[PDB]
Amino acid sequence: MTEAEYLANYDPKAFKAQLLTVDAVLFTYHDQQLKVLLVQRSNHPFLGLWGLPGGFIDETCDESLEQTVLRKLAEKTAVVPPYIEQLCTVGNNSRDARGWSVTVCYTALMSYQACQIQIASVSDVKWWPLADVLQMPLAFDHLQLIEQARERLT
């Protein structure tokens, strides 16, 4: 079989796939205070809970993960960070009840920008003071990702 025939014949639907997502932890100093950007979920799982602005790749427009994360942020948040840097990738069978799951987390520290929800998948968005966040119930493992992102600040 040749390279070309293999690619013409290749079918990924022949194989079990995992969930693939991105997440962002955006930090700011606002009113002297360290704040993190959280959205309120209007989708299951963790419906009604606050967690990080994240989401699924849309091959219809996304060239890369960087585009995905920026687009999820503008959609759920209206916030566009000055840069975005990869923080860590968490991938296992327990973090997401929907199945085996991989999320690529990003982070930035930035100046305050007012936020507004711009897509139906969330019902609120707010910069929360960090201390309040650590004692909140947050979606999935978003408390860990935030904890990891805070260590990156230091």
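So that there is no doubt, residue numbering starts at 1 and follows the sequence shown.
Looking at mean Cα B-factors across 27-35 and 46-54, the upper value is held by 27-35. Taking only CA atoms, the mean B-factor in the PDB entry is higher for 133-141 than for the other of 18-26 and 133-141.
Among the modelled residues of its chain, residue 68 has a C-alpha B-factor that falls in the lowest third according to the deposited record. Per the PDB record, residue ranking by Cα B-factor puts residue 92 in the middle third of the chain.
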